[PDB]
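Undergrad: My structure is in start18.pdb, and what it holds is PDB, C-alpha atoms:
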```pdb
MODEL        1
ATOM      1  CA  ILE Z   1     -18.430  14.282  50.863
ATOM      2  CA  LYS Z   2     -18.440  10.509  50.380
ATOM      3  CA  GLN Z   3     -20.891  10.579  47.472
ATOM      4  CA  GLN Z   4     -19.840  11.174  43.881
ATOM      5  CA  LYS Z   5     -21.813  13.753  41.963
ATOM      6  CA  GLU Z   6     -19.307  13.264  39.149
ATOM      7  CA  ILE Z   7     -20.567  13.504  35.526
ATOM      8  CA  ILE Z   8     -18.832  10.669  33.632
ATOM      9  CA  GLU Z   9     -22.051   9.791  31.834
ATOM     10  CA  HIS Z  10     -22.603  12.979  30.024
ATOM     11  CA  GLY Z  11     -19.231  12.188  28.533
ATOM     12  CA  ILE Z  12     -20.720   8.866  27.614
ATOM     13  CA  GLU Z  13     -23.710  10.431  25.920
ATOM     14  CA  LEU Z  14     -21.190  12.688  24.110
ATOM     15  CA  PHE Z  15     -18.841   9.937  23.077
ATOM     16  CA  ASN Z  16     -21.757   8.126  21.484
ATOM     17  CA  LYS Z  17     -22.373  11.204  19.288
ATOM     18  CA  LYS Z  18     -18.792  12.320  18.898
ATOM     19  CA  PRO Z  19     -15.877  10.166  20.085
ATOM     20  CA  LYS Z  20     -13.415  13.093  19.797
ATOM     21  CA  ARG Z  21     -15.551  15.389  21.939
ATOM     22  CA  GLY Z  22     -16.450  12.673  24.424
ATOM     23  CA  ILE Z  23     -12.904  11.539  25.315
ATOM     24  CA  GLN Z  24     -11.871  15.173  25.804
ATOM     25  CA  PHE Z  25     -14.761  16.422  28.035
ATOM     26  CA  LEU Z  26     -13.922  13.715  30.537
ATOM     27  CA  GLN Z  27     -10.337  14.870  30.431
ATOM     28  CA  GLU Z  28     -11.549  18.444  30.764
ATOM     29  CA  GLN Z  29     -13.298  18.061  34.146
ATOM     30  CA  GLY Z  30     -10.597  15.600  35.168
ATOM     31  CA  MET Z  31     -12.212  12.130  34.926
ATOM     32  CA  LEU Z  32     -10.133  10.597  32.166
ATOM     33  CA  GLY Z  33      -6.371  10.790  31.989
ATOM     34  CA  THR Z  34      -4.277  11.823  29.015
ATOM     35  CA  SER Z  35      -1.586   9.637  27.324
ATOM     36  CA  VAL Z  36      -2.879   6.493  25.681
ATOM     37  CA  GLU Z  37      -3.005   3.957  28.501
ATOM     38  CA  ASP Z  38      -5.836   5.995  30.033
ATOM     39  CA  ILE Z  39      -8.032   6.231  26.954
ATOM     40  CA  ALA Z  40      -7.233   2.654  25.981
ATOM     41  CA  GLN Z  41      -8.057   1.674  29.542
ATOM     42  CA  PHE Z  42     -11.397   3.365  29.053
ATOM     43  CA  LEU Z  43     -12.725   1.893  25.843
ATOM     44  CA  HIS Z  44     -11.814  -1.491  27.181
ATOM     45  CA  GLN Z  45     -13.012  -0.926  30.726
ATOM     46  CA  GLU Z  46     -16.173   1.157  30.725
ATOM     47  CA  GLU Z  47     -18.592  -1.020  28.773
ATOM     48  CA  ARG Z  48     -21.707   1.184  28.442
ATOM     49  CA  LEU Z  49     -20.518   2.955  25.241
ATOM     50  CA  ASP Z  50     -21.917   2.184  21.786
ATOM     51  CA  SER Z  51     -19.934  -0.741  20.285
ATOM     52  CA  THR Z  52     -20.033   0.891  16.846
ATOM     53  CA  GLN Z  53     -18.657   4.121  18.282
ATOM     54  CA  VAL Z  54     -15.807   2.323  20.047
ATOM     55  CA  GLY Z  55     -14.997   0.168  17.096
ATOM     56  CA  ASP Z  56     -14.810   3.232  14.834
ATOM     57  CA  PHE Z  57     -12.553   5.027  17.293
ATOM     58  CA  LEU Z  58      -9.638   2.579  17.419
ATOM     59  CA  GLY Z  59      -9.936   2.034  13.670
ATOM     60  CA  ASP Z  60      -9.265   5.629  12.789
ATOM     61  CA  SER Z  61      -6.469   6.781  10.513
ATOM     62  CA  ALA Z  62      -5.103   9.259  13.095
ATOM     63  CA  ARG Z  63      -1.496   8.745  14.385
ATOM     64  CA  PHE Z  64      -2.902   9.530  17.878
ATOM     65  CA  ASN Z  65      -5.695   7.034  17.397
ATOM     66  CA  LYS Z  66      -3.426   4.283  16.083
ATOM     67  CA  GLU Z  67      -1.587   4.622  19.384
ATOM     68  CA  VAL Z  68      -4.982   4.653  21.120
ATOM     69  CA  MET Z  69      -5.658   1.258  19.450
ATOM     70  CA  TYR Z  70      -2.335  -0.388  20.167
ATOM     71  CA  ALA Z  71      -2.820   0.175  23.923
ATOM     72  CA  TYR Z  72      -6.289  -1.288  23.518
ATOM     73  CA  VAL Z  73      -4.842  -4.526  22.152
ATOM     74  CA  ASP Z  74      -2.131  -4.516  24.798
ATOM     75  CA  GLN Z  75      -4.624  -5.351  27.515
ATOM     76  CA  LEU Z  76      -6.632  -8.345  26.360
ATOM     77  CA  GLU Z  77      -1.516 -19.030  25.548
ATOM     78  CA  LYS Z  78      -5.232 -19.659  24.584
ATOM     79  CA  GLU Z  79      -6.493 -20.878  21.159
ATOM     80  CA  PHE Z  80      -6.117 -18.473  18.254
ATOM     81  CA  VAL Z  81      -9.839 -18.231  17.847
ATOM     82  CA  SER Z  82     -10.144 -17.933  21.610
ATOM     83  CA  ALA Z  83      -8.317 -14.598  21.084
ATOM     84  CA  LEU Z  84     -10.034 -13.285  17.964
ATOM     85  CA  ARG Z  85     -13.427 -13.570  19.591
ATOM     86  CA  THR Z  86     -12.037 -11.944  22.739
ATOM     87  CA  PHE Z  87     -10.561  -9.191  20.723
ATOM     88  CA  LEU Z  88     -13.832  -8.561  18.849
ATOM     89  CA  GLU Z  89     -16.185  -8.664  21.810
ATOM     90  CA  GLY Z  90     -15.431  -5.201  23.155
ATOM     91  CA  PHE Z  91     -16.548  -3.440  19.979
ATOM     92  CA  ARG Z  92     -18.476  -3.753  16.765
ATOM     93  CA  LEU Z  93     -16.117  -4.868  14.068
ATOM     94  CA  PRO Z  94     -16.166  -1.905  11.574
ATOM     95  CA  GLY Z  95     -17.170  -2.695   8.000
ATOM     96  CA  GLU Z  96     -14.717  -0.195   6.487
ATOM     97  CA  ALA Z  97     -11.832  -1.784   4.490
ATOM     98  CA  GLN Z  98      -8.926   0.387   5.750
ATOM     99  CA  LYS Z  99      -9.989   0.067   9.391
ATOM    100  CA  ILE Z 100     -10.237  -3.778   9.474
ATOM    101  CA  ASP Z 101      -6.592  -3.846   8.264
ATOM    102  CA  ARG Z 102      -5.441  -1.462  11.007
ATOM    103  CA  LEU Z 103      -6.951  -3.910  13.593
ATOM    104  CA  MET Z 104      -5.848  -7.282  12.158
ATOM    105  CA  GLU Z 105      -2.288  -5.989  11.650
ATOM    106  CA  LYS Z 106      -1.900  -5.191  15.390
ATOM    107  CA  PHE Z 107      -3.800  -8.293  16.454
ATOM    108  CA  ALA Z 108      -1.528 -10.598  14.418
ATOM    109  CA  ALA Z 109       1.644  -8.817  15.559
ATOM    110  CA  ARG Z 110       0.520  -8.897  19.242
ATOM    111  CA  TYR Z 111      -0.505 -12.598  19.141
ATOM    112  CA  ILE Z 112       2.755 -13.624  17.581
ATOM    113  CA  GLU Z 113       4.517 -12.203  20.618
ATOM    114  CA  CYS Z 114       3.746 -14.450  23.576
ATOM    115  CA  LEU Z 115       2.587 -23.828  14.854
ATOM    116  CA  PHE Z 116       2.255 -20.843  12.499
ATOM    117  CA  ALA Z 117       4.887 -19.271  10.321
ATOM    118  CA  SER Z 118       4.770 -15.463  10.461
ATOM    119  CA  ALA Z 119       2.545 -12.682  11.703
ATOM    120  CA  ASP Z 120       1.269 -12.459   8.141
ATOM    121  CA  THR Z 121      -0.018 -15.990   8.628
ATOM    122  CA  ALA Z 122      -2.254 -15.169  11.550
ATOM    123  CA  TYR Z 123      -3.233 -12.007   9.728
ATOM    124  CA  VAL Z 124      -4.857 -13.907   6.806
ATOM    125  CA  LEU Z 125      -6.135 -16.597   9.128
ATOM    126  CA  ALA Z 126      -8.019 -13.962  11.121
ATOM    127  CA  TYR Z 127      -9.780 -12.840   7.956
ATOM    128  CA  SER Z 128     -10.741 -16.352   6.861
ATOM    129  CA  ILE Z 129     -12.433 -16.714  10.279
ATOM    130  CA  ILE Z 130     -14.227 -13.434   9.794
ATOM    131  CA  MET Z 131     -15.055 -14.883   6.395
ATOM    132  CA  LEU Z 132     -16.775 -17.739   8.289
ATOM    133  CA  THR Z 133     -18.502 -16.102  11.289
ATOM    134  CA  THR Z 134     -20.295 -13.874   8.736
ATOM    135  CA  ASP Z 135     -20.918 -16.673   6.288
ATOM    136  CA  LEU Z 136     -22.417 -18.901   9.028
ATOM    137  CA  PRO Z 137     -27.554 -16.753   6.623
ATOM    138  CA  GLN Z 138     -29.162 -16.133   3.197
ATOM    139  CA  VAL Z 139     -27.107 -18.730   1.368
ATOM    140  CA  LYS Z 140     -28.285 -22.313   0.797
ATOM    141  CA  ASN Z 141     -24.835 -23.770   0.492
ATOM    142  CA  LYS Z 142     -22.426 -23.235   3.393
ATOM    143  CA  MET Z 143     -18.561 -23.321   3.395
ATOM    144  CA  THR Z 144     -17.611 -26.884   2.350
ATOM    145  CA  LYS Z 145     -15.761 -29.208   4.783
ATOM    146  CA  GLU Z 146     -13.683 -29.998   1.686
ATOM    147  CA  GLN Z 147     -13.502 -26.321   0.823
ATOM    148  CA  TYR Z 148     -12.124 -23.689   3.198
ATOM    149  CA  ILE Z 149      -9.079 -25.964   3.375
ATOM    150  CA  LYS Z 150      -8.457 -25.980  -0.349
ATOM    151  CA  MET Z 151      -9.260 -22.291  -0.213
ATOM    152  CA  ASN Z 152      -6.782 -21.574   2.659
ATOM    153  CA  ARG Z 153      -4.006 -23.420   0.878
ATOM    154  CA  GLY Z 154      -0.696 -21.629   1.089
ATOM    155  CA  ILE Z 155      -0.826 -19.716   4.293
ATOM    156  CA  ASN Z 156       2.453 -20.936   5.925
ATOM    157  CA  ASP Z 157       4.993 -19.586   3.400
ATOM    158  CA  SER Z 158       4.211 -22.117   0.759
ATOM    159  CA  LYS Z 159       2.467 -24.838   2.711
ATOM    160  CA  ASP Z 160      -0.906 -25.245   4.357
ATOM    161  CA  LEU Z 161      -1.799 -25.185   8.024
ATOM    162  CA  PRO Z 162      -2.428 -28.611   9.574
ATOM    163  CA  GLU Z 163      -5.741 -29.774   8.045
ATOM    164  CA  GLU Z 164      -6.692 -30.833  11.536
ATOM    165  CA  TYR Z 165      -6.337 -27.221  12.775
ATOM    166  CA  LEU Z 166      -8.496 -25.570  10.116
ATOM    167  CA  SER Z 167     -11.061 -28.276  10.907
ATOM    168  CA  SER Z 168     -11.013 -27.757  14.656
ATOM    169  CA  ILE Z 169     -11.383 -24.058  13.791
ATOM    170  CA  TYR Z 170     -14.329 -24.630  11.488
ATOM    171  CA  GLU Z 171     -16.431 -26.527  14.040
ATOM    172  CA  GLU Z 172     -15.973 -23.887  16.740
ATOM    173  CA  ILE Z 173     -17.344 -20.818  15.046
ATOM    174  CA  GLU Z 174     -20.123 -22.631  13.280
ATOM    175  CA  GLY Z 175     -21.490 -23.374  16.741
ATOM    176  CA  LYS Z 176     -20.760 -20.030  18.444
ATOM    177  CA  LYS Z 177     -20.794 -17.149  15.934
ATOM    178  CA  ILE Z 178     -18.546 -14.687  17.766
ATOM    179  CA  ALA Z 179     -20.518 -11.685  16.514
TER     180      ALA Z 179
ENDMDL
END
```
As structure tokens, what does this structure read like?
TA:
Amino acid sequence: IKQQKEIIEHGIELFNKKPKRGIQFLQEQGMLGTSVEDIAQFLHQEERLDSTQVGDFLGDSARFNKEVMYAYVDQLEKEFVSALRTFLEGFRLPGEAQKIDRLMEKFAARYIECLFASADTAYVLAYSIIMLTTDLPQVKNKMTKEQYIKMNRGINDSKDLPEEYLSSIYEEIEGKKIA
């Protein structure tokens, strides 16, 4: 008929318990395609899935999952921070050390693709920003206007990033704390 008595929500309840079982059930009944552009076009598209469960998926050590994360980045000119926040809005940034690296490696290599010095420069810049959207709630002193610049010294090979850039960056996230 014209209706759609299609599951596609049971898979959602399943993905939120087990990502590996959820993204396979959908492919079992024929709702989700194979490859990686399908699955990556699912975590990014269908926003009704736990953000912690989506953020843990793409930050998995699997060689099939690392591909499932690269296609995720390859979907979504603008300010650097205007890209970090956009990257981190779809999921809950995972607190695991090895996972954060897997994400900021592909985000820095994808940005530096379409000021700065290398992809390693955006890489460490991304982390200083995550070291500021988390810093700006139980601490009396905040990150100094004088600091954060003296602290980020030596990020372009041997030199600093324009002090006007780190400043324009500072004022943005202290107003709107991405996450």
Undergrad: Using all atoms listed in the file, which residues sit within 7 Å of segment 88-94 of chain Z once same-chain residues fewer than 4 positions away are excluded, as a ChimeraX atom specification?
TA: /Z:44,51-52,54-56,84,99-100
Undergrad: Write the selection just made, keeping C-alpha atoms, as a short mmCIF file (atom, residue, chain, number, x, y, z; two decimals), keeping the file's coordinate frame?
TA:
```
data_model
loop_
_atom_site.label_atom_id
_atom_site.label_comp_id
_atom_site.auth_asym_id
_atom_site.auth_seq_id
_atom_site.Cartn_x
_atom_site.Cartn_y
_atom_site.Cartn_z
CA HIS Z 44 -11.81 -1.49 27.18
CA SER Z 51 -19.93 -0.74 20.28
CA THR Z 52 -20.03 0.89 16.85
CA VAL Z 54 -15.81 2.32 20.05
CA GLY Z 55 -15.00 0.17 17.10
CA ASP Z 56 -14.81 3.23 14.83
CA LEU Z 84 -10.03 -13.28 17.96
CA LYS Z 99 -9.99 0.07 9.39
CA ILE Z 100 -10.24 -3.78 9.47
#
```
Undergrad: What's the 12 Å shell around residue 66 of chain Z, counting all atoms listed in the file, without same-chain residues fewer than 3 positions away, as an MDAnalysis selection string?
TA: chainID Z and resid 36 39:40 56:63 69:73 99 101:103 105:106
Undergrad: On this file, the PyMOL selection byres ((chain Z and resi 124) around 12) gives some set of residues; write that set as a ChimeraX atom specification.
TA: /Z:100-101,104-105,107-108,116-123,125-131,151-157,161
Undergrad: For the residues in that selection, give me C-alpha atoms as a PDB file, in the frame of the given file.
TA:
```pdb
ATOM      1  CA  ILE Z 100     -10.237  -3.778   9.474  1.00  0.00           C
ATOM      2  CA  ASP Z 101      -6.592  -3.846   8.264  1.00  0.00           C
ATOM      3  CA  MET Z 104      -5.848  -7.282  12.158  1.00  0.00           C
ATOM      4  CA  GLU Z 105      -2.288  -5.989  11.650  1.00  0.00           C
ATOM      5  CA  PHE Z 107      -3.800  -8.293  16.454  1.00  0.00           C
ATOM      6  CA  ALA Z 108      -1.528 -10.598  14.418  1.00  0.00           C
ATOM      7  CA  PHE Z 116       2.255 -20.843  12.499  1.00  0.00           C
ATOM      8  CA  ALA Z 117       4.887 -19.271  10.321  1.00  0.00           C
ATOM      9  CA  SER Z 118       4.770 -15.463  10.461  1.00  0.00           C
ATOM     10  CA  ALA Z 119       2.545 -12.682  11.703  1.00  0.00           C
ATOM     11  CA  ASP Z 120       1.269 -12.459   8.141  1.00  0.00           C
ATOM     12  CA  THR Z 121      -0.018 -15.990   8.628  1.00  0.00           C
ATOM     13  CA  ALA Z 122      -2.254 -15.169  11.550  1.00  0.00           C
ATOM     14  CA  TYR Z 123      -3.233 -12.007   9.728  1.00  0.00           C
ATOM     15  CA  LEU Z 125      -6.135 -16.597   9.128  1.00  0.00           C
ATOM     16  CA  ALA Z 126      -8.019 -13.962  11.121  1.00  0.00           C
ATOM     17  CA  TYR Z 127      -9.780 -12.840   7.956  1.00  0.00           C
ATOM     18  CA  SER Z 128     -10.741 -16.352   6.861  1.00  0.00           C
ATOM     19  CA  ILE Z 129     -12.433 -16.714  10.279  1.00  0.00           C
ATOM     20  CA  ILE Z 130     -14.227 -13.434   9.794  1.00  0.00           C
ATOM     21  CA  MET Z 131     -15.055 -14.883   6.395  1.00  0.00           C
ATOM     22  CA  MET Z 151      -9.260 -22.291  -0.213  1.00  0.00           C
ATOM     23  CA  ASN Z 152      -6.782 -21.574   2.659  1.00  0.00           C
ATOM     24  CA  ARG Z 153      -4.006 -23.420   0.878  1.00  0.00           C
ATOM     25  CA  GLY Z 154      -0.696 -21.629   1.089  1.00  0.00           C
ATOM     26  CA  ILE Z 155      -0.826 -19.716   4.293  1.00  0.00           C
ATOM     27  CA  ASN Z 156       2.453 -20.936   5.925  1.00  0.00           C
ATOM     28  CA  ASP Z 157       4.993 -19.586   3.400  1.00  0.00           C
ATOM     29  CA  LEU Z 161      -1.799 -25.185   8.024  1.00  0.00           C
TER      30      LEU Z 161
END
```
Undergrad: Taking only C-alpha atoms into account, which of Z:16, Z:134, Z:1, Z:75 comes nearest residue 38 of chain Z?
TA: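 Closest candidate: Z:75.
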Undergrad: Please identify all polymer residues within 10 Å of residue 15 of chain Z, counting all atoms listed in the file, omitting same-chain residues fewer than 3 positions from it, and present them as a PyMOL selection string.
TA: chain Z and resi 9-12+18-26+49-50+53-54+57
Undergrad: Go ahead and write the selection's residues with C-alpha atoms as an mmCIF file, in the coordinates of the input.
TA:
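Printed below is out.cif as written:
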```cif
data_model
loop_
_atom_site.group_PDB
_atom_site.id
_atom_site.type_symbol
_atom_site.label_atom_id
_atom_site.label_comp_id
_atom_site.auth_asym_id
_atom_site.auth_seq_id
_atom_site.Cartn_x
_atom_site.Cartn_y
_atom_site.Cartn_z
ATOM 1 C CA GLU Z 9 -22.051 9.791 31.834
ATOM 2 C CA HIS Z 10 -22.603 12.979 30.024
ATOM 3 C CA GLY Z 11 -19.231 12.188 28.533
ATOM 4 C CA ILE Z 12 -20.720 8.866 27.614
ATOM 5 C CA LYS Z 18 -18.792 12.320 18.898
ATOM 6 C CA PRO Z 19 -15.877 10.166 20.085
ATOM 7 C CA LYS Z 20 -13.415 13.093 19.797
ATOM 8 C CA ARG Z 21 -15.551 15.389 21.939
ATOM 9 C CA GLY Z 22 -16.450 12.673 24.424
ATOM 10 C CA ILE Z 23 -12.904 11.539 25.315
ATOM 11 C CA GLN Z 24 -11.871 15.173 25.804
ATOM 12 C CA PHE Z 25 -14.761 16.422 28.035
ATOM 13 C CA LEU Z 26 -13.922 13.715 30.537
ATOM 14 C CA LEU Z 49 -20.518 2.955 25.241
ATOM 15 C CA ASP Z 50 -21.917 2.184 21.786
ATOM 16 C CA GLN Z 53 -18.657 4.121 18.282
ATOM 17 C CA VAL Z 54 -15.807 2.323 20.047
ATOM 18 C CA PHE Z 57 -12.553 5.027 17.293
#
```
Undergrad: Report, in Å with one decimal, the straight-line distance from atom CA of residue 65 of chain Z to atom CA of residue 28 of chain Z.
TA: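 Separation of atom CA of residue 65 of chain Z and atom CA of residue 28 of chain Z: 18.5 Å.
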Undergrad: When you look at residue 81 of chain Z with a cut-off of 10 Å (counting all atoms listed in the file), what residues show up, excluding the ones that are within fewer than 4 positions of it in the same chain? I need them as number ranges by chain.
TA: Z: 85-87, 125-126, 129, 169, 172-173, 178
Undergrad: Produce a file of the selected residues containing C-alpha atoms, as a JSON list (two decimals), in the frame of the given file.
TA:
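Output saved as out.json:
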```json
[["chain", "number", "residue", "atom", "x", "y", "z"],
["Z", 85, "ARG", "CA", -13.43, -13.57, 19.59],
["Z", 86, "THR", "CA", -12.04, -11.94, 22.74],
["Z", 87, "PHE", "CA", -10.56, -9.19, 20.72],
["Z", 125, "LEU", "CA", -6.14, -16.60, 9.13],
["Z", 126, "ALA", "CA", -8.02, -13.96, 11.12],
["Z", 129, "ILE", "CA", -12.43, -16.71, 10.28],
["Z", 169, "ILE", "CA", -11.38, -24.06, 13.79],
["Z", 172, "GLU", "CA", -15.97, -23.89, 16.74],
["Z", 173, "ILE", "CA", -17.34, -20.82, 15.05],
["Z", 178, "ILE", "CA", -18.55, -14.69, 17.77]]
```
Undergrad: Determine, counting all atoms listed in the file, which protein, DNA and RNA residues have an atom within 8 Å of an atom of segment 136-148 of chain Z; residues of the same chain fewer than 3 positions away are not included. Present the result as a list in words.
TA: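 The contact residues come out as residues 132, 133, 151, 152, 167, 174 and 177 of chain Z.
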Undergrad: What is the atom CA of residue 3 of chain Z to atom CA of residue 34 of chain Z distance in Å?
TA: 24.9 Å
Undergrad: Which is closest to residue 48 of chain Z among Z:166, Z:8, Z:96, Z:32, if we use only C-alpha atoms?
TA: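 Selected residue with least distance to residue 48 of chain Z: Z:8.
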Undergrad: Which of these, Z:114, Z:97, Z:43, Z:109, has the shortest distance to residue 77 of chain Z once you count only C-alpha atoms?
TA: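 Looking only at the distances to residue 77 of chain Z, the closest residue turns out to be Z:114.
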